[PDB]
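Participant: Handing you a structure now.
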Amino acid sequence: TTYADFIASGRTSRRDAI
Amino acid sequence: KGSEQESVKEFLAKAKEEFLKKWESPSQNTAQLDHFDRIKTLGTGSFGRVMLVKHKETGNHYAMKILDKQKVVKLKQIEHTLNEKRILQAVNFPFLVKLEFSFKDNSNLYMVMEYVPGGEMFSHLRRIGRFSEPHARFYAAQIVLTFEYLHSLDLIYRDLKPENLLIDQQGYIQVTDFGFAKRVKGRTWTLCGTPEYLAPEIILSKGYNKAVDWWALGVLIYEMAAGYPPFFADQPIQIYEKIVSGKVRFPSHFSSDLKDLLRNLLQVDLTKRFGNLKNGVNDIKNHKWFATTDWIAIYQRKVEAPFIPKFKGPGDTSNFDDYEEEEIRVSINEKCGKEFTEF
Ligand SMILES: O=S(=O)(c1cccc2cnccc12)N1CCCN(Cc2ccccc2B(O)O)CC1
């Protein structure tokens, strides 16, 4: 599922600006 | 309803007058470090920390944002930091964090805001997974009003994301960060923001205007309602390709009204994007997904919240992480005095 892909992206934690 | 919106126009005219007064003559040095008892560190950043403190005479708890002047200068954040403080001390709206005190010393800048123990939407969203559409819509409605307010002051926000939104003890939102907020009448060009939330015209290095905030609202509603953002990937560059592609995939459980709203907010062509059309914010306030939303009631904090973070005491820190506790350094010598004279 798309959520599984998200919980696999490494971008599930707080996201910095940039 | 038409009387309601003449009311809205009169309100915004009054708020602009009051904002410009505090904007043109900012408050300064309205407390000092010795006035507070430090309790615990609530977050860390490249150029400062946030600490939970308690006012000695009042007993009230505050989040105290402490910025190292030397690092602010090093990381080229002077303009952003001066803007965050100047904006916060001038604005006045129910869904913004409340700046109570600010001051500076030889080493640091301090901003002292009412403590919201519920913490950031981010951690609640990630723990719970996603919010139901009524739940998402309650939050979204407050961002819509908040952008109406900020935009009426010619303020572009540019920093919307669950990380920068608190859930207070009545379950209502407080917007936290204003370092990237700027007073701008037409377009601006700074490449700033968070990859997942960046509008296509930011990525494409063309100038951009307040429509980027309505894009970011679409991202936020999507992330709240789905549990993941509409554009994600391992690396920022892959995110940007998805954003400019003009394609979004919606979860199967999204209502038809929500999809139609989001197609108009996540509109890659800023000249077609809701919030940036002839009728402005009313195309959003009048969209079918918001038919049940009592905008007056939301502003007045009369709607009952779908979620109240567990009340565990007004000094509870359970919704924040644990950090190594370190001294607040204050030099015997003034640092970066000229950079921060206006603070
Ligand atoms: O700590 S906060 O949640 C916060 C901010 C404002 C008012 C608050 C009232 N009560 C509680 C917490 C509060 N919040 C404030 C910190 C800003 N970051 C992280 C951060 C931490 C340290 C320095 C900068 C930054 B930054 O962004 O770039 C995240 C959000």
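We name chains A, B, ... following the order of the structure tokens; residues begin at 1 in each chain, and ligands are numbered from 1 as shown.
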Using only C-alpha atoms and all ligand atoms, what does the table of chain A residues within 9 Å of ligand 1 look like, with each row giving the shortest atom pair and its distance in Å to one decimal, sorted by chain and ascending number, as CSV?

Facilitator:
residue,atom,partner,partner_atom_place_in_ligand_line,distance
A:14,CA,ligand 1,29 (C),8.8
A:16,CA,ligand 1,28 (O),7.5
A:17,CA,ligand 1,28 (O),7.6

Participant: Select residues of chain B: the criterion is any atom within 9 Å of an atom of chain A, counting only C-alpha atoms; output as a PyMOL selection string.

Facilitator: chain B and resi 122-123+126+159+161-163+191-196+226-229+232-235+251

Participant: Just write the chosen residues, N, CA, C and O atoms, as a compact mmCIF listing (two decimals), in the first residue's frame.

Facilitator:
# COMPACT_ATOMS: atom_id res chain seq x y z
N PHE B 122 1.98 16.98 14.51
CA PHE B 122 2.79 15.96 13.87
C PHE B 122 2.80 14.66 14.64
O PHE B 122 2.56 13.59 14.08
N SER B 123 3.16 14.71 15.91
CA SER B 123 3.31 13.47 16.67
C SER B 123 1.97 12.77 16.87
O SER B 123 1.89 11.54 16.82
N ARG B 126 1.07 11.15 13.53
CA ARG B 126 1.85 9.96 13.21
C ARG B 126 1.47 8.79 14.11
O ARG B 126 1.45 7.64 13.66
N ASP B 159 5.40 28.28 5.72
CA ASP B 159 5.99 27.28 6.62
C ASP B 159 4.96 26.28 7.15
O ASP B 159 5.12 25.71 8.23
N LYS B 161 3.03 23.08 7.98
CA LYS B 161 3.22 21.64 8.03
C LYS B 161 2.81 21.21 9.43
O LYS B 161 2.77 22.06 10.35
N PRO B 162 2.50 19.93 9.62
CA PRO B 162 2.06 19.46 10.94
C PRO B 162 3.08 19.70 12.03
O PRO B 162 2.70 19.84 13.22
N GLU B 163 4.36 19.77 11.67
CA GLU B 163 5.42 20.07 12.63
C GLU B 163 5.24 21.44 13.28
O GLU B 163 5.76 21.66 14.38
N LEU B 191 13.97 30.67 -1.97
CA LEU B 191 13.72 29.24 -1.95
C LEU B 191 13.75 28.80 -0.51
O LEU B 191 14.79 28.60 0.08
N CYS B 192 12.57 28.68 0.08
CA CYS B 192 12.45 28.26 1.48
C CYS B 192 11.18 27.46 1.64
O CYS B 192 10.22 27.62 0.87
N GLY B 193 11.18 26.59 2.66
CA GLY B 193 10.05 25.73 2.97
C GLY B 193 10.51 24.31 3.17
O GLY B 193 11.70 24.04 3.36
N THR B 194 9.55 23.37 3.12
CA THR B 194 9.79 21.96 3.38
C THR B 194 9.47 21.14 2.14
O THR B 194 8.42 21.39 1.52
N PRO B 195 10.32 20.19 1.71
CA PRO B 195 10.13 19.60 0.36
C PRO B 195 8.71 19.14 0.07
O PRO B 195 8.15 19.52 -0.97
N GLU B 196 8.11 18.38 0.99
CA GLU B 196 6.76 17.82 0.79
C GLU B 196 5.70 18.91 0.57
O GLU B 196 4.68 18.64 -0.08
N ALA B 226 -5.14 11.37 4.82
CA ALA B 226 -4.59 10.12 4.33
C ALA B 226 -3.62 9.45 5.28
O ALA B 226 -3.46 8.23 5.23
N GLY B 227 -2.91 10.23 6.09
CA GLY B 227 -1.85 9.71 6.94
C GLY B 227 -0.46 9.75 6.34
O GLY B 227 0.50 9.31 6.99
N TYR B 228 -0.34 10.20 5.09
CA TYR B 228 0.92 10.39 4.39
C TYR B 228 0.72 11.56 3.43
O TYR B 228 -0.43 11.84 3.06
N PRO B 229 1.78 12.26 3.05
CA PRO B 229 1.62 13.43 2.20
C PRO B 229 1.39 13.01 0.75
O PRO B 229 1.58 11.84 0.38
N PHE B 232 5.78 12.05 -1.83
CA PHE B 232 6.89 11.64 -0.98
C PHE B 232 7.78 10.69 -1.74
O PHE B 232 7.39 10.09 -2.74
N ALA B 233 9.03 10.62 -1.30
CA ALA B 233 10.06 9.80 -1.93
C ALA B 233 11.22 9.73 -0.96
O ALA B 233 11.22 10.39 0.09
N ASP B 234 12.23 8.94 -1.32
CA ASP B 234 13.41 8.81 -0.48
C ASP B 234 14.15 10.14 -0.37
O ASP B 234 14.60 10.52 0.72
N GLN B 235 14.31 10.85 -1.48
CA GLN B 235 15.12 12.06 -1.56
C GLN B 235 14.30 13.26 -2.02
O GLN B 235 13.38 13.12 -2.83
N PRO B 251 -6.30 8.43 -1.85
CA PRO B 251 -6.79 7.17 -1.28
C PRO B 251 -8.24 6.92 -1.66
O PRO B 251 -9.04 7.83 -1.90

Participant: So that I can see what lies close to segment 301-304 of chain B, please list as a PyMOL selection string the residues with an atom at most 10 Å from it, counting only C-alpha atoms and leaving out residues fewer than 6 positions away in the same chain.

Facilitator: chain B and resi 94-95+138+142+170-172+293-295

Participant: Can those selected residues be exported to a file as a tab-separated table (two decimals), in the first residue's frame so that it contains N, CA, C and O atoms?

Facilitator:
chain	number	residue	atom	x	y	z
B	94	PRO	N	-6.82	33.98	16.98
B	94	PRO	CA	-7.03	32.84	17.89
B	94	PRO	C	-6.16	31.64	17.62
B	94	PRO	O	-5.88	30.88	18.56
B	95	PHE	N	-5.71	31.41	16.37
B	95	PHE	CA	-5.00	30.18	16.06
B	95	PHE	C	-3.51	30.43	15.83
B	95	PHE	O	-2.85	29.62	15.18
B	138	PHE	N	-11.96	20.25	10.62
B	138	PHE	CA	-11.94	21.17	11.76
B	138	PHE	C	-10.62	21.94	11.82
B	138	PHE	O	-10.61	23.18	11.89
B	142	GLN	N	-9.50	26.19	10.49
B	142	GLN	CA	-8.71	27.17	11.23
B	142	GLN	C	-7.52	27.68	10.43
B	142	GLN	O	-7.14	28.86	10.55
B	170	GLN	N	-8.10	23.01	24.43
B	170	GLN	CA	-9.45	22.89	23.89
B	170	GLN	C	-9.47	22.17	22.55
B	170	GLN	O	-10.53	22.13	21.90
B	171	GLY	N	-8.34	21.61	22.12
B	171	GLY	CA	-8.26	20.88	20.87
B	171	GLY	C	-8.16	21.74	19.63
B	171	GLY	O	-8.30	21.22	18.52
B	172	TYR	N	-7.91	23.04	19.78
B	172	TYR	CA	-7.79	23.97	18.66
B	172	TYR	C	-6.32	24.13	18.33
B	172	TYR	O	-5.45	23.76	19.11
B	293	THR	N	-19.35	23.62	7.77
B	293	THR	CA	-18.43	24.35	8.62
B	293	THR	C	-19.03	25.70	8.96
B	293	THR	O	-19.37	26.46	8.06
B	294	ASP	N	-19.14	25.97	10.25
B	294	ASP	CA	-19.65	27.24	10.77
B	294	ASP	C	-18.44	28.14	11.03
B	294	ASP	O	-17.83	28.11	12.11
B	295	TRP	N	-18.09	28.95	10.03
B	295	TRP	CA	-16.83	29.71	10.10
B	295	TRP	C	-16.80	30.64	11.29
B	295	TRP	O	-15.78	30.74	11.99

Participant: Using Å and a single decimal, report how far atom CA of residue 45 of chain B sits from atom CA of residue 183 of chain B.

Facilitator: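 Atom CA of residue 45 of chain B lies at a distance of 24.8 Å from atom CA of residue 183 of chain B.
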
Participant: Residue 189 of chain B: which residues within 8 Å, counting only C-alpha atoms, same-chain residues fewer than 3 positions away excluded, as a PyMOL selection string?

Facilitator: chain B and resi 202+205-208

Participant: Please produce an output containing N, CA and C atoms for each residue in the selection, written as an mmCIF file, in the first residue's frame.

Facilitator:
data_model
loop_
_atom_site.group_PDB
_atom_site.id
_atom_site.type_symbol
_atom_site.label_atom_id
_atom_site.label_comp_id
_atom_site.auth_asym_id
_atom_site.auth_seq_id
_atom_site.Cartn_x
_atom_site.Cartn_y
_atom_site.Cartn_z
ATOM 1 N N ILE B 202 7.557 27.430 -6.539
ATOM 2 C CA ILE B 202 8.770 27.574 -5.727
ATOM 3 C C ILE B 202 9.876 26.702 -6.282
ATOM 4 N N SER B 205 11.642 27.941 -9.353
ATOM 5 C CA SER B 205 12.492 29.111 -9.241
ATOM 6 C C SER B 205 11.923 30.292 -9.994
ATOM 7 N N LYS B 206 10.636 30.276 -10.216
ATOM 8 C CA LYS B 206 9.990 31.496 -10.621
ATOM 9 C C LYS B 206 9.543 32.200 -9.353
ATOM 10 N N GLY B 207 9.349 33.487 -9.466
ATOM 11 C CA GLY B 207 8.722 34.196 -8.376
ATOM 12 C C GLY B 207 7.453 33.472 -7.971
ATOM 13 N N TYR B 208 6.950 33.787 -6.789
ATOM 14 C CA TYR B 208 5.691 33.212 -6.341
ATOM 15 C C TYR B 208 5.040 34.176 -5.362
#

Participant: With only C-alpha atoms as the counted atoms, please give the residues lying no more than 10 Å from segment 238-247 of chain B, apart from itself and same-chain residues fewer than 5 positions off, as number ranges by chain.

Facilitator: B: 195-204, 230-233, 263, 266-269

Participant: Using only C-alpha atoms, pick whichever of B:36, B:254, B:274, B:320 has the shortest atom-to-atom distance to residue 166 of chain B.

Facilitator: B:320
